[PDB]
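**Q** Taken in sequence, the protein lines are chains N and M. Numbers 1 to 311, 323 to 619, 631 to 798, taken from the deposited numbering, label the letters of the first sequence in order. Numbers 1 to 311, 324 to 798, taken from the deposited numbering, label the letters of the second sequence in order. Handing you a structure now.
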Amino acid sequence: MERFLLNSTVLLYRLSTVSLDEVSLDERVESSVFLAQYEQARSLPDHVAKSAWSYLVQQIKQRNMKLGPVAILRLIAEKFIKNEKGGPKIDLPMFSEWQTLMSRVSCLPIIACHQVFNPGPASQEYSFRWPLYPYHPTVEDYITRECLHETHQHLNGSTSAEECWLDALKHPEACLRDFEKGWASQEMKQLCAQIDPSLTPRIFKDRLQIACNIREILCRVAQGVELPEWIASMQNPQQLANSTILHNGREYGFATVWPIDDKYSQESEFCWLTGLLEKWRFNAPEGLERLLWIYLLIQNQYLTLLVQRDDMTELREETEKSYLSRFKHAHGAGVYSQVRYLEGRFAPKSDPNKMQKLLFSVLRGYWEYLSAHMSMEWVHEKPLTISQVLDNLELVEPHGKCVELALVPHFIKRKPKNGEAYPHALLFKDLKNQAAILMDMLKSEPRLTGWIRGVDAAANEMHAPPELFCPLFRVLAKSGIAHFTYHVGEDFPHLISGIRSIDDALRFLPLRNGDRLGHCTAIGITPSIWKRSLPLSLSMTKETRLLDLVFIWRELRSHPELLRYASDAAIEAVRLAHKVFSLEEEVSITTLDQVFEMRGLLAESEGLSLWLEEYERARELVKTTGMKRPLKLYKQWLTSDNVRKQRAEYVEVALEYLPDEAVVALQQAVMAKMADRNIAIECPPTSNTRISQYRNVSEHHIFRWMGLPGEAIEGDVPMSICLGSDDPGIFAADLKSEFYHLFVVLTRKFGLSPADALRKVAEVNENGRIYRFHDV
Amino acid sequence: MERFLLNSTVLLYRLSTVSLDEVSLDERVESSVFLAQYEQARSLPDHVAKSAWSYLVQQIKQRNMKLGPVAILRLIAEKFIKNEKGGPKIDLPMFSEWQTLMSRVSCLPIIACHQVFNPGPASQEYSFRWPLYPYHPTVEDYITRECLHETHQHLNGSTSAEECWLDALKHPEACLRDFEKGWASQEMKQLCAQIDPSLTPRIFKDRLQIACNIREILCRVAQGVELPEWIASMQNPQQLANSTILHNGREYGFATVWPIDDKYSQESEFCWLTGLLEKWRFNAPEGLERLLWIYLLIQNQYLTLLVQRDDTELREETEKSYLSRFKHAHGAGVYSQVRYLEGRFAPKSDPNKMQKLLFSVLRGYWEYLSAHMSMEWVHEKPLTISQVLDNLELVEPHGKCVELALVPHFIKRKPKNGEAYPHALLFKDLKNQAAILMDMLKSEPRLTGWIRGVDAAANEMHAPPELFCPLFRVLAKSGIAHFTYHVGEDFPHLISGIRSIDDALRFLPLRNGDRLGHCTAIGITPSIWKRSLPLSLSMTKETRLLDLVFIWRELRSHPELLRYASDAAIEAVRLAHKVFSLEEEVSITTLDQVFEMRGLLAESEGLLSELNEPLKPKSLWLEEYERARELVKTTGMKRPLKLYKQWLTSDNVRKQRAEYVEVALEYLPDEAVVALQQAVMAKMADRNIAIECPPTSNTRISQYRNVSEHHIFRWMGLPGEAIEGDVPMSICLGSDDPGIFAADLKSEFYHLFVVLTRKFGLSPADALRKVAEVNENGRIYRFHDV
């Protein structure tokens, strides 16, 4: 019930608009919590909610406390955080609840509260920069021996969401300008309204402005200095939205003095809270207690919105400090880093000078990380250029202690660009331009090929087909990239359609041995789990359905019992072909394979330097055989106005079109090809609660992949599975935090021995190294 | 049929004598190809063969090229070589075929052809020194964590066989003399005529000289410079046998000047060949096109001859080539791919000869460390044994650089007739050779940390394994501390081969942690061994008698295989009367007692020399001399001893032993032989003695149809290839005589991994572990000091 109290937009409105004069707000905050409880968790019954709230009040009265942020924070910290040998850790059975809490409530205020009301033993040093971890000696020593391995670590933006809130305080207007930049688009308007209907850019500015002023006035209380005498004017929290208050008709700002020169860091914020909370240990003035409550509520609300946004001046805020701290954050406390093989996925920029500076910024950031720990002679102590950084980094050796970086740029996809001789062209033109800078700077600097090891494309799937990037990946391989991963996001309209996308990925993309795929949830989810809450009738594009039906016949023509499904789909496949192609004569399912197999060749090459030979490479291949009919049907499939209109049309498909046994075989058929080509899978963190069908982590699809009893369907083929933390969905996260969650769930929800539980997770973690993109 | 146009005796004959001007040779090469493929692969049917050649013919016509090396390599290059992240590698499904191919064709032209026509990405700097290996992420990362552990490398010679071809070019006169000196012996004469009857020492100089001159001629084309105009007088390749071509009566020559100083280096050949095939990317002049064909045919011919002849140049090749060997073993990258390497070498009688080679290897190893270990040594230029050891004591093993442990291996010889016991001349040499080793080791006692093992790898029928008992035991007191034997690879009968290994186990002073080499006797399934053998084999009486006495030892213990034990004991007594010519009664118990005392030295007092002799002056041998003496005198039983003296020093007995006897092939039933093999396993696993396994790419057994039937899989315990009741052993990894041209331990490691995944159907995670156990057993039983 605690997370409702500290994270509920309605409570922000039912407090900020309420002045500081009255204190009697218990019924209103109770109404706000119950109202917000229904939205965030509908299924929880009212008698459960009403009882659960009252018991919380009883605890507060049992400890002579008042309903407020300083009091609720204690019980949260008391419930989860405990002192261990390493300091403040998380209780092992409570980590599942903590991960759920992390998705909605920031841990920074809680941890300071634990420090104040339960200081660590011997007053040993404790500086907070890293999200808390649970402790288990079976895993801790394994980490010290076998360091962790990352696969998808977004260097773009902030290292974690928690400090981005502080950075937003430093840049009230730059973040707002970026906020209104997307707000004009329809998606952000729905995204903002979905989190909270009462949100406008003007509201956003006032909300951020209130938080900044609240931070200053509470900083004065934390510093112990007396009030600046305009507290008589301090009556309503909405007054602070102007940053200029007047008492007796005189100007009064909110800028104050900070003992630490940097006021926008985790340590500065943590020290601010501990002093403030210590001064409120025995009492709490409500007129000042409320001001803290809005700050916690607004910090939580902004952070919840920011993490969901993932589903100019800000990107270049520091450009040299951002990458250094993240590597230090990856290294963590201690002499030796917990992560050994880290891949930094970064977004390339259209401006060649932007990418070169960004690439220099990352490499220069990496050298600064190695400056403090690895101590040997450096060719240039102040490199300031790419070549000197390579000279600096050419003297390092692989010692399995420091974080080892292997940059992998990831491409971007937008909505399909209709016209231009094929319905996805300007997207190809934009990306082909992006690849041009990558190749020439790689060609200009041969030593760069040891760090730009891979190429990815992770934006979306319905807009751009997976086969679109086959020409782009093949040409990049000839330039020396030497690795190619394709992060297949799972936003598919139908589960069977998702399997088709994976099958297209292995078949069409030039994924050599030892490559990877990202977020392959289509081949993970049990069909019974997927069907939860979906209506019995689903809608998909005719283009998707036609490929889906062709795919089913291709992999179900061998199973004896499941032979009617392939036959029925094939008859329905050719039936839909007549509707789409509008042709009159007979077309066979065998012909449909031939026309759709030519999807690999480029659309421009369909009509027919490294681009020129790649164009002709698929040209002569088109002329090697007698496929004159499927080729022109593919040209019709690409260069016909009626067909494109027919492709975008939506068809209605029943949810239970194929029985559970049919989808499992389709999953296993691709699952077999998944292992046979020996291509690893990148698995997002289990805390990423964006599947929306999982009632809890125990139902996560990864356990089917690993092969625990009761999850691995009979006949399952085992694979190789990696790990990564790109969009954890929680405010503060790390691979170690994700690693412990997997270990905890195995021991609790499945009753596995700690030695065996470690081994199963170790296999997944180890595979992150076996399929690394780093050089040897 | 791409493997018969590059290694074929008749095609070389049918193209060397054909003049360059004429071009019509398809009907002559095709007749040559079928004839050559018949004498190589006799089991290939004609209808498959005729179709296969025609398919190749129309494929070239489809590609619009001209039949020749410039086209044959292209088809192989696009067939086997596939680019990857590590550069040009070999695709996994066709790695096994490549290893079969590599026994006939040198890889160097293929990579040269592949690089020109299918270059790497962005033309990244590529340096080829090592043979191509397939890529597998599950395996390549295992090497990075736990490096390979090699056990049997012959440091005498260079790294692989492909670069030894260049040495044959560098020393045309020396390689001729080595061939001529071998050609004097009958075995090489049979072996040379075995590969090609039309081979004479006069011809061998002719063939090598042609290759050298063709190399010079094509280098001019490769450089792009025009021909020096004496090609007008070029009508036959036989002109290229004299290094002097006359045109219009004016003096000329074939030699030229190369861009690099050392024209006979690995880099020079690659730059020449890649440049040459670069200028023939579209079309090639036929006269020079055939000249390249001759060079490849000659190159493969010498490589084919060299490999077989392996189963002077040595002195010149044994100076600082070890640094290249260690660098070749280290491989590319900062850290070596092989951590524990056991380089064997052949000791020599003269102390100056043996001291010089030992210094060269140790100095060479230090040079390899000095290139990596950029750390200040006590002596910057050692140039002597003592300064090498002082320098080498400063290095620590931290799992990155190659660690060395030299192991001299004795060479057994034919038993010379006479001298009162079988091998006197042989033992006198071995007694002298070890004497030089032991005293020199005592001169510099720090060598006991590097000179770790002793081996003996020449053959099996030449000298019985029990002959090394006295010479090993004294070496044990000399501080060697590790003994390994090369036993069981060659044998006249499978049951007899079992005896030879059990002779090693019972007699040799093998302690826990020692190793054995090529235990093929306990590896081959008896059903597999009987493939394509006559219904009755032949073997010497002495080898037969030791078999019969042994088969009684390990079968009377067997509750159900008693008939074989009882029959053997009966007829062994029958054979003993034939051999010893005795008239009284000798029982099977007496025979075993006689044969258990064959490990004693012949010259031990009271056994062959007079019992009343003055005592020798306290050598390391007096422990051995009197030990075999007192136990013979004691036990109150000298009846077995007097039988043994006739077994050593009787004119009739020694003659009767060498007289051959006829043994049925299936003397023991199929199950019966398995009982002996599982008895060896229990004995040696109890003693915990590892087994060196030969490379599986070595088609020397001539009994396995493919690699999937190799006996190594039986030892590791593969289902469908493990015989019931087998006792699993410890098997280490080694690459001594792979039988192919360009080989390395990493290639052998991949070869094992490929077969498990493909033929046996094992997951990559599970397949690696089985081959990882072999790679780690080379580390558990390492001879390197702690």
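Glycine residues also receive a C-beta, built at the ideal position from the N, C-alpha and C atoms.
Spell out whether any CB of chain N is found under 9 Å from the CB atom of residue 733 of chain M.
**A** Cβ-Cβ to chain N under 9 Å: no for residue 733 of chain M.
**Q** So, with DSSP's three-state summary, where would you put residue 660 of chain M?
**A** Note: residue 660 of chain M maps to helix in three-state DSSP.
**Q** Please name the residues in the segment 342-371 of chain M whose beta-carbon is closer than 7 Å to at least one beta-carbon of chain N, in chain order.
**A** Residues 345 and 346.
**Q** At 9 Å on the CB atoms, spell out the chain M contacts of residue 740 of chain N, in chain order.
**A** Residues of chain M passing the Cβ test: 775 and 777.
**Q** Just how far apart, CA to CA, sit residue 360 of chain N and residue 741 of chain M?
**A** Those two C-alpha atoms are separated by around 60 Å.
**Q** Taking the straight line between their C-alpha atoms, what separation do you get for residue 604 of chain M and residue 725 of chain M?
**A** Going by the C-alpha atoms only, they are around 35 Å apart.
**Q** In the structure shown, what three-state DSSP assignment does residue 619 of chain M receive?
**A** Reduced to three states, the DSSP call for residue 619 of chain M is coil.
**Q** Return the residues of the segment 776-798 of chain N that lie within a Cβ-Cβ distance of less than 7 Å from chain M, sorted by chain order.
**A** The residues in question are 791, 792, 793 and 798.
**Q** Establish whether the CB of residue 92 of chain M and some CB of chain N are separated by less than 9 Å.
**A** It does: the Cβ of residue 92 of chain M has a partner Cβ on chain N nearer than 9 Å.
**Q** Flag residue 384 of chain M as yes if its beta-carbon sits less than 9 Å from any beta-carbon of chain N, otherwise no.
**A** It does not; no Cβ of chain N falls within 9 Å.
**Q** Is the separation between the beta-carbon of residue 105 of chain N and that of residue 292 of chain N shorter than 9 Å?
**A** Not closer than 9 Å, so no.
**Q** Note down the Cα distance separating residue 763 of chain M from residue 95 of chain M, rounded to an integer number of angstroms.
**A** Cα-Cα distance, rounded: 7 Å.
**Q** Can you pull the chain M neighbours of residue 454 of chain N, defined as C-beta to C-beta under 7 Å?
**A** Within chain M, the residues near residue 454 of chain N are 122.
**Q** Could you have a look at residue 13 of chain N and say whether DSSP puts it in helix, strand or coil?
**A** Here residue 13 of chain N sits in helix by DSSP.
**Q** Quick one: grab the DSSP three-state call for residue 80 of chain M.
**A** The answer is coil: DSSP assigns residue 80 of chain M none of H, G, I, E or B.
**Q** Just the C-alpha distance for residue 247 of chain N and residue 233 of chain N, rounded to the nearest angstrom, thanks.
**A** Taking the straight line from one Cα to the other gives about 6 Å.
**Q** Mind checking if residue 278 of chain M is an interface residue toward chain N, Cβ cutoff 9 Å exclusive?
**A** Residue 278 of chain M does not count as touching chain N.
**Q** Name the one or two DSSP bridge partners that residue 154 of chain M has.
**A** Its beta-bridge partners are M:356.
**Q** With 7 Å as the C-beta to C-beta threshold (strictly closer), list the residues of the segment 489-504 of chain N near chain M in chain order.
**A** Taking 7 Å as the Cβ-Cβ cut-off against chain M, the residues of the segment 489-504 of chain N that qualify are 489, 490, 491, 493 and 494.
**Q** So, helix, strand or coil for residue 95 of chain N, using DSSP?
**A** If DSSP states are grouped into helix, strand and coil, residue 95 of chain N belongs with the helices.
**Q** Output yes or no for whether 9 Å exceeds the beta carbon distance between residue 503 of chain N and residue 512 of chain N.
**A** Going by C-beta atoms, residue 503 of chain N is nearer than 9 Å to residue 512 of chain N.
**Q** Below 7 Å on C-beta distance, what does residue 523 of chain N contact in chain M?
**A** Near residue 523 of chain N (Cβ distances below 7 Å), the residues of chain M are 84.
**Q** For the segment 400-431 of chain N, enumerate the residues whose C-beta is nearer than 8 Å to any C-beta of chain M, in chain order.
**A** Under the 8 Å Cβ criterion, the segment 400-431 of chain N contributes 408 and 409.
**Q** Please list, in chain order, all residues of the same chain as residue 666 of chain N whose beta carbon is under 7 Å from its beta carbon, the five residues on each side excluded.
**A** Once the five neighbours on either side are set aside, the close Cβ partners of residue 666 of chain N are 434.
**Q** If we ignore side chains and look at the alpha-carbon of each, how far apart do residue 707 of chain M and residue 458 of chain M end up?
**A** Computed Cα separation, rounded: 33 Å.
**Q** Which bits of chain N does residue 137 of chain M rub up against, with CB to CB less than 9 Å?
**A** Going along chain N in sequence order, the residues near residue 137 of chain M (Cβ under 9 Å) are 524, 525, 700, 702, 742, 792, 793 and 794.
**Q** Taking buried to mean at least 16 other C-beta atoms within 10 Å of its own C-beta, is residue 252 of chain M buried or exposed?
**A** Burial call: exposed.
**Q** Anything in the segment 458-482 of chain N with a Cβ closer than 9 Å to a Cβ of chain M? List those residues in chain order, please.
**A** Result list: 460 and 464.
**Q** Starting from the C-beta of residue 563 of chain M, find all residues in its chain whose C-beta is less than 6 Å away, skip the five residues before and the five after it, and write them out in chain order.
**A** Hits under 6 Å: 580.
**Q** What residue range is occupied by the uninterrupted alpha helix (DSSP H) comprising residue 288 of chain M?
**A** Element bounds for residue 288 of chain M: 286-310.
**Q** Just to confirm before moving on: does the CB-CB distance between residue 165 of chain N and residue 302 of chain N stay below 9 Å?
**A** Closer than 9 Å, so yes.
**Q** From residue 415 of chain N to residue 121 of chain M, what does the alpha carbon distance come to, in whole angstroms?
**A** Distance between the alpha carbons of residue 415 of chain N and residue 121 of chain M is about 24 Å.
**Q** Any residues in the segment 138-149 of chain M with a beta carbon nearer than 8 Å to a beta carbon of chain N? Which ones, in chain order?
**A** For the segment 138-149 of chain M, which is checked against every Cβ of chain N, the residues closer than 8 Å are 138, 140, 141 and 144.
**Q** Kindly confirm or deny that the segment 351-358 of chain M and the segment 406-422 of chain M touch, where touching means at least three C-beta pairs closer than 8 Å.
**A** With a cut-off of 8 Å, the segment 406-422 of chain M and the segment 351-358 of chain M count as touching, because enough Cβ pairs lie within range.
**Q** Residue 470 of chain N by DSSP, collapsed to three states: which one?
**A** In the structure shown, residue 470 of chain N sits in coil (DSSP, three-state: anything other than H, G, I, E or B).
**Q** Rounded to whole angstroms, what is the Cα-Cα separation between residue 41 of chain N and residue 718 of chain N?
**A** Those two C-alpha atoms are separated by around 13 Å.
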